[PDB]
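**Student:** Residue numbers (PDB author numbering), protein chains in the order written: chain C, 2 to 239; chain M, 46 to 260; chain e, 39 to 141; chain L, 29 to 241; chain F, 4 to 246; chain c, 1 to 25, 30 to 106, 118 to 288; chain G, 1 to 245; chain E, 1 to 239. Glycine included, every Cβ here is placed at the ideal spot set by N, Cα and C.
(1) Listed in chain order, which residues of the stretch 1-15 of chain c have Cβ atoms closer than 8 Å to some Cβ of chain E?
(2) Determine, using beta carbons only, whether residue 206 of chain C comes closer than 8 Å to chain e.
(3) Identify the continuous beta strand (DSSP E) that holds residue 247 of chain M and give its terminal residues.
(4) Anything in chain e within Cβ reach of residue 7 of chain C, meaning under 8 Å, just list it in chain order.
(5) How many angstroms separate the CA atom of residue 101 of chain C from the CA atom of residue 70 of chain C?
(6) How do the stretch 29-39 of chain L and the stretch 111-118 of chain e stand: do at least 3 beta-carbon pairs fall below 8 Å, yes or no?
(7) Measuring alpha carbon to alpha carbon, tell me which of E:76, E:207, E:24, E:65 ends up nearest residue 160 of chain E.
(8) Enumerate in chain order the residues of its own chain whose CB-to-CB distance from residue 81 of chain G is below 8 Å, with the five nearest sequence positions on each side excluded.
(9) Out of F:64, F:212, F:56, state which residue places its alpha-carbon closest to the alpha-carbon of residue 235 of chain F.
(10) From F:229, F:30, F:89, F:21, pick the residue whose C-alpha is nearest to that of residue 30 of chain G; which is it?
(11) Extract the residue ranges of the beta strand (DSSP E) inside the stretch 174-222 of chain C, only unbroken runs of 3 or more that lie entirely within it.
(12) Looking at the C-beta of residue 96 of chain G, does it have a partner C-beta in chain e at a distance below 8 Å?
(13) Is residue 48 of chain E helix, strand or coil by DSSP?
(14) Assign residue 260 of chain M to one of two classes, buried (16 or more other C-beta atoms within 10 Å of its C-beta) or exposed (fewer than that).
(15) Buried or exposed: residue 140 of chain E, going by 16 or more other Cβ atoms within 10 Å of its Cβ?
(16) What is the residue span of the alpha helix (DSSP H) that residue 102 of chain G lies within?
(17) CA-CA distance, residue 124 of chain M and residue 94 of chain e?
(18) List the residues of chain B whose Cβ lies closer than 9 Å to the Cβ of residue 126 of chain C, in chain order.
(19) Measuring straight from C-alpha to C-alpha, what distance separates residue 258 of chain c and residue 235 of chain c?
(20) Can you check DSSP and say which residues form a bridge with residue 123 of chain e?
(21) With 16 other CB atoms within 10 Å as the buried threshold, where does residue 59 of chain c fall?
(22) Can you list, in chain order, the residues of its chain with a C-beta nearer than 8 Å to that of residue 89 of chain c? Leave out the 5 residues immediately preceding and following it.
(23) Can you say whether residue 252 of chain M is buried or exposed, counting buried as having 16 or more other CB atoms within 10 angstroms of its CB?
(24) The beta strand (DSSP E) spanning residue 169 of chain c covers which residue range?
(25) Return the chain-ordered list of same chain residues with a C-beta closer than 8 Å to the C-beta of residue 37 of chain F, the five sequence neighbours on each side being excluded.
(26) What is the rounded straight-line gap between the Cα of residue 166 of chain G and the Cα of residue 112 of chain G?
(27) What's the C-alpha gap between residue 137 of chain C and residue 104 of chain C?
(28) Does residue 214 of chain G come out as helix, strand or coil in the three-state DSSP assignment?
(29) Per DSSP, what kind of secondary structure is residue 39 of chain G in: helix, strand or coil?
(30) Find the residues of chain M that neighbour residue 93 of chain F, judging by a C-beta separation of less than 8 Å, and give them in chain order.
(31) Assuming contact is defined by CB atoms lying nearer than 8 Å, are residue 100 of chain F and residue 224 of chain F in contact in what I supplied?
(32) Name the chain E residues that come within less than 8 Å of residue 67 of chain F, Cβ to Cβ?
(33) For residue 217 of chain F, list the residues DSSP reports as bridge partners.
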């Protein structure tokens, strides 16, 4: 039918298989990322704290390059493939151009790969949405979001996966220049957004911090719990 | 081709009023050996085009096969069009140039005669692809021995008759036989006119050796 | 690139040995049988090769061998170096895209 | 062995003017020590505002001229307009550099009017490099012809002289004289001189007989 | 009836029939009749070429093809497939002359083209040809040879046959014709008579008769019948039809 | 019928549409989205004038004696060219619906001089599941059995089935189909036996036949469909007869000029020049 | 397949039935029956004979061209039953394979190996989806250097067994029963005896007495290993001998 | 009714023995605009009725250059038309490069026929849904060739293809003898009259919607548009 073949256009003009890939993305766990002054931070809500499992092997936030990060929401295997391809392309660009990879360049490459996989009906689209965030050569913070269709958009603050809409409303309501100015403010904003996403929070918070001229580092559960306690104290004060 | 092996001596062509006449010997020499003394180095392409080659005879046979196949196919089409001698000349030039560019050229120098639309055509195609049209042509040692006489006669009388052209070609053949080690007594006169291509049988030259006794 | 120039005169011949053998068989059939035999064999080969493992996995090509008459013939090609023991394997998706003509 | 190139002689020369672009060449096709033919102009007209002269290996010259004609037809079909002289020069440079490792043994000089109606002369090397000049001579006798062109058209080494603009008649007389001198001192030149004058009205062809060998 | 087995040429019906080939045969039957009679001197063709409009130039959509200097080709069924198969036969004959140096025998060429058609009917990627044709030639050694090829891929020699709408009527006329004892002239006259007889002026408004022959009188070279002889044959056919 | 790859198993589509039902034959989310689609597709009959939703059917609210319905761009163009300028026609009601396949509107008109005479210019397409809902909204459940319904529509020559090929057929030809009660002259050849109509005109005609309402359906088969003057020229015989004889006044001159206006303002096919 | 795999179990060659049978191969056998003719091959201790009924449908049809007896090589001949075009294609393939075997191995291909190659190709046909089995049957005969006369029948499924008396066509079962009865009664099986056995078997199963023009007979003997097509006069002589006794 | 199964694909034969995809391609070319092509004893003229998507949008060209002596009239699918025009241009260039002579029209039409036949036999490809009226001059004189979406081609003295082309064909068939022996201006006027016959009675030919392509003995293929077709329109009789 119209909804079974990727290449077939629906009478309305839809490529329903791309939209089904988007639905698969929505099925994934929530990933939230905001942009700040010389501070870019990512956050992914873990679906469940599965005991007897190594958290290192199921991380959702990875580093494409020393100056670029990426978080995904959707099929994990597709995300791994896209991440490997993005890393390879980043190194190839650093080889051929000798300059550090811009966030725009890698975001465009990922979008092009996803669109190319959407081209033919033999290949299914990648069912992932990626939040590529990092610093450019000049150090300007950059946040971007790609879709299975192959469209990339810059965002000041975005959320993908399940419950993305509510977290996006939260961010829109609580995005201010003062919050962006302070790195701790941005981190607290992301903690609050993810806590809104998942009531339990705490151990389920998977937050990563990247600052100017500093490699990606993932805050340990101790720091995440400290920030959660700070948010709880602030709420109690009110 | 890389080794010429069996080679041709020379082809002389000259255009007169009413058509063109070309001549070639019936000899294919391996080295200095005569070996094959009855081969024909002139072919009839169509009713208004003729062709003579000097060089590797195997390549000449290959070109014979190809050109005959093209003519047969075009006749099968039956659309009322015929390959003019100029078209055959252009095709041969392109083929030779392509073979040269592939570093595997055909080792023949080709003389193309023809008479279409009341216009005598006389073409020259070399191994590399050098192509031009001249009132008189001569390949191999022809360009050194016979070409002088042809050019002198033509620049004296711009247009010749059939008999005059035939006599001049016969004199050139006699000179070539006298002063060319790869030449042969038997040659083949081929003339193309309004009637069509007419290839005469084996003809011999009038040898003269009085200077042998003079000494 | 200089890689286009063969390192050994025999290298170019034996590198395309199977392709040259198939071309010679097609030429002989077409000289004798006609246009039908080469076209038939070409379609048959295309059909058998269309179904196989993905590029990053070594295929058996049993039907192709039977059609080519090599099911009971062994040459240096089969024994000297094993396609199974490649020692060099690229990314699965990259190889699939390369075969598909995308790259 | 096998030599893909042979030198067939031929001398080309182009002079640019305010409203004219003369492209002149000889008609001597000679390979080795013999003369293939006495009627083979080296200048072929491409458009109504461009004439190209080719000297060197005759086969390469013919192939290049045919390729240029085909590319001109393709450009006309695609862009729905005739290619300009500068565009032809750039395309010829790209074509020549395409066969860089098997270079065309052709000396190419493009002469014709530009979009402003001014004579434009482009000189090419076998590899493909080109530039715009006011006058240039190519072929076997290029070295013989160039000094007089520099002396007269360029007014070089002429102290206290009037830089009179180059008129058409003076250009034709200069071309005839230089080619006569070339026929005198160069064995690859003579027979006849084909002069193609490219003006806004069209292309005029003039033939001047030179002394035979 | 192969209701669920008539979609692909690679599918067998329960009774063992490939219905795509039969549909190709029916498509051939949809076309106007083309007949060809072989006699002692040679082979004469003839086709009931219907003119669709007076605008078309005389000779458009010619159904007679010269695949070789000595081989004719009268086609029926889909015209495009007929042209394609004519080109295939031309390539085959060209190739035989180039390789073995002599004109391809009629039987060998018929076998080659028939096997090409069968190969096309074998697979599902391609569809069987929708045309049937007659290959005819005359030689001093081989003699007069006439062959017919079916979309299935058969190749059978005939003394006379027809392909098209009125195949059976033309076949009966040829059956009651004694071709083995007549010359080429009488044969072409009778071919014109048969073509005029089998033509249905009611369903088909008008037609143009194309006649070609190959035989001793043509020096073993296929050619169209001269206009004078063709007009004489048409006049004889008119007289026969009137009575 | 996918054939995406070599070994893909394809299934022959069924002309009866069984496979759709077989796949169809729950989850609360699926039921919710299905009901959302159902209420998105249902026809909503209302009037833009005063924005008063027409819960009551048109037939119940006003008594009609002559309902001329035009479906297709050419039919509504013909009506706009010929009947509007003859008198005065104000908008009363307008059906709004959404389909997968698609100036698409269904607007109803009524004559001020004689309100009993109404009109319908359905320039939009109606899906197979919505013609009955449209009939419910317009005619209601209780008909009058005293209405002269002249249904006008344009079709393609390819749809018409006959021994002659489509090309040989005279392209600007029209046929008629009338109910048992409609005893007036059809003025047109009756539709051939194998031919069938399966769109809104068919729904209206079946409704009229079932409930004994005199109606006639006109089908103008044409090779072109995008605002063609020949289609309306072939429609003219319809107004030449009764029913539409009085509605259109004796002023063909303005209608002929008016008909040109509609054809000039047309969109050509970019794909096919 | 490029068009696409069919749905039903019997609608495609590759997919299996619930039992595991391939219905397309059986339909190819039904096509062989649809050929309309019957072929009988008998193996003796001196020669191998193949007899098939020749049915020229129309008088205009040239009887010389109508034949189902083809020679693969100078010593091996075959009789084909089934679709004419498919049989011709298989004959061409067998000829090419025999020529290639002679070129590559330096000696003429045995009959068993020829059918083994043909059956391998047939199996390839039955395994893939793009192609379909050939609707024809091949019966090869020939004299082996050591094993003497050899008769092999060579089917679409890919079965290449050899037989002492082969039958194929519409009346395959009845011909097989008749040949089994004859074989159970072991005669000397001379050349003329084998020819008579084949002809009488065909006549019995077809319930008709053949004239010289209704059958074509091909023979190959130890003394004369070349594949020989019996001339119509010789077939008539054999028929007269049968009638007399 | 029973042809649904055999209607979808081009490699599937119908029980009646007719491929429906080819006929649908013919319907597609019919659905296009109308062109008229006729030839005299010395000239070949192609007159086309250009269509504009909107009043602001310019009329889409329907006469396309192929060679110095060959031109075509567009009818049907535009993309397939451009592909065919590119193929024919390449063929003509190859002919003039190899044999250094113009490619005969008949040979080009045969090549087009084979090229458009190739898809109709293979799977996964559709017939070229474009019809072309090819006007050219050869040693045999003017030529008018009609190319159908079905690979078969026709040689015509005058032909019209497209929407409402039956009236144009009737007019052409009415005055064939006049066409054969007439002046160039008379031939162009005849073509314009046929194109007008295609048009509705109310409508009339204008400089915007008329494109003319003429090739003759000493005249190369030139396309006239707007002010260039105005001279031909002037002097035309009232319908």
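**Tutor:** Considering the structure as presented:
(1) Under the 8 Å Cβ criterion, the stretch 1-15 of chain c contributes 1, 12, 13, 15.
(2) The sequence position of residue 206 of chain C within the first chain is 205, counting from 1. Chain e contact via Cβ: absent.
(3) Position 202 of the second chain, counted from the first residue, corresponds to residue 247 of chain M. 242-248 is the extent of the beta strand (DSSP E) around residue 247 of chain M.
(4) Numbered from its first residue, the first chain carries residue 7 of chain C at position 6. Those within 8 Å of residue 7 of chain C in chain e number zero; the least Cβ separation is about 15 Å.
(5) Here residue 101 of chain C is taken as the residue at index 100 of the first chain, counted from 1. Here residue 70 of chain C is taken as the residue at index 69 of the first chain, counted from 1. Each residue's alpha carbon lies about 13 Å from the other.
(6) no
(7) Residue 160 of chain E sits at position 160 when you count from the first residue of the eighth chain. Taking only the C-alpha atoms, the option nearest residue 160 of chain E is E:76.
(8) Working through the seventh chain from its first residue, we reach residue 81 of chain G at position 81. Counting only Cβ-Cβ distances below 8 Å, and skipping sequence neighbours, we find 32, 35, 37, 38, 39, 52, 68, 87, 136, 137, 139, 168, 169.
(9) As a working mapping, residue 235 of chain F is identified with position 232 in the fifth chain. Put simply, of F:64, F:212, F:56 the residue whose alpha carbon is nearest the alpha carbon of residue 235 of chain F is F:212.
(10) In the seventh chain, the residue the question calls residue 30 of chain G occupies position 30. Among F:229, F:30, F:89, F:21, the Cα nearest to that of residue 30 of chain G is on F:21.
(11) 206-212
(12) By one-based count along the seventh chain, residue 96 of chain G stands at place 96. With 8 Å as the cut-off, residue 96 of chain G counts as an interface residue toward chain e.
(13) Translated into positions along the eighth chain, residue 48 of chain E becomes position 48. Three-state result, residue 48 of chain E: strand.
(14) As a working note, residue 260 of chain M is residue 215 in the second chain. Per the 10 Å Cβ criterion, exposed.
(15) As a working note, residue 140 of chain E is residue 140 in the eighth chain. Classification of residue 140 of chain E: exposed, given that the 10 Å Cβ count is below 16.
(16) Here residue 102 of chain G is taken as the residue at index 102 of the seventh chain, counted from 1. Counting along the chain, the alpha helix (DSSP H) containing residue 102 of chain G begins and ends at 84-105.
(17) Translated into the one-based positions of the second chain, residue 124 of chain M becomes position 79. Translated into the one-based positions of the third chain, residue 94 of chain e becomes position 56. Cα to Cα, residue 124 of chain M sits roughly 55 Å from residue 94 of chain e.
(18) Of the protein chains in this structure, namely C, M, e, L, F, c, G and E, none is chain B.
(19) As a working mapping, residue 258 of chain c is identified with position 243 in the sixth chain. As a working mapping, residue 235 of chain c is identified with position 220 in the sixth chain. So the alpha carbons of these two residues sit roughly 18 Å apart.
(20) Here residue 123 of chain e corresponds to residue number 85 of the third chain, with the count starting at 1. Answer by DSSP bridge pairing: none, since residue 123 of chain e is not bridged.
(21) The sequence position of residue 59 of chain c within the sixth chain is 55, counting from 1. The C-beta of residue 59 of chain c has fewer than 16 other C-beta atoms within 10 Å across all chains shown, which makes the residue exposed.
(22) Sequence index remark: in the sixth chain, residue 89 of chain c carries index 85 (1-based). Hits under 8 Å: 266, 269, 270, 273.
(23) Residue 252 of chain M sits at position 207 when you count from the first residue of the second chain. It is exposed - the Cβ of residue 252 of chain M has fewer than 16 other Cβ atoms within 10 Å.
(24) Position 154 of the sixth chain, counting from 1, holds the residue named residue 169 of chain c. Its beta strand (DSSP E) spans residues 163-171.
(25) In the fifth chain, counting from the first residue as 1, residue 37 of chain F sits at position 34. Excluding five sequence positions before and after residue 37 of chain F, the CB atoms of its chain that fall closer than 8 Å to its own CB belong to 48, 49, 50, 51, 66, 77, 78, 79, 137, 165, 166, 167, given in chain order.
(26) One-based indexing of the seventh chain puts residue 166 of chain G at position 166. One-based indexing of the seventh chain puts residue 112 of chain G at position 112. Each residue's Cα considered, the two are about 14 Å apart.
(27) Taking the first chain and counting its residues from 1, the one referred to as residue 137 of chain C is at position 136. Taking the first chain and counting its residues from 1, the one referred to as residue 104 of chain C is at position 103. Rounded to whole angstroms, residue 137 of chain C to residue 104 of chain C spans 6 Å at the Cα level.
(28) The sequence position of residue 214 of chain G within the seventh chain is 214, counting from 1. Helix.
(29) Working through the seventh chain from its first residue, we reach residue 39 of chain G at position 39. Residue 39 of chain G falls in the strand class under three-state DSSP.
(30) Within the fifth chain, numbered from 1, the residue matching residue 93 of chain F stands at position 90. By Cβ distance, chain M contributes 118, 121.
(31) As a working note, residue 100 of chain F is residue 97 in the fifth chain. As a working note, residue 224 of chain F is residue 221 in the fifth chain. Not closer than 8 Å, so no.
(32) Here the question's residue 67 of chain F lines up with position 64 in the fifth chain. What residue 67 of chain F touches in chain E: nothing, since even the nearest Cβ is about 15 Å away.
(33) Residue mapping note: residue 217 of chain F aligns to position 214 of the fifth chain, counting from 1. Answer is F:46, bridged to residue 217 of chain F.
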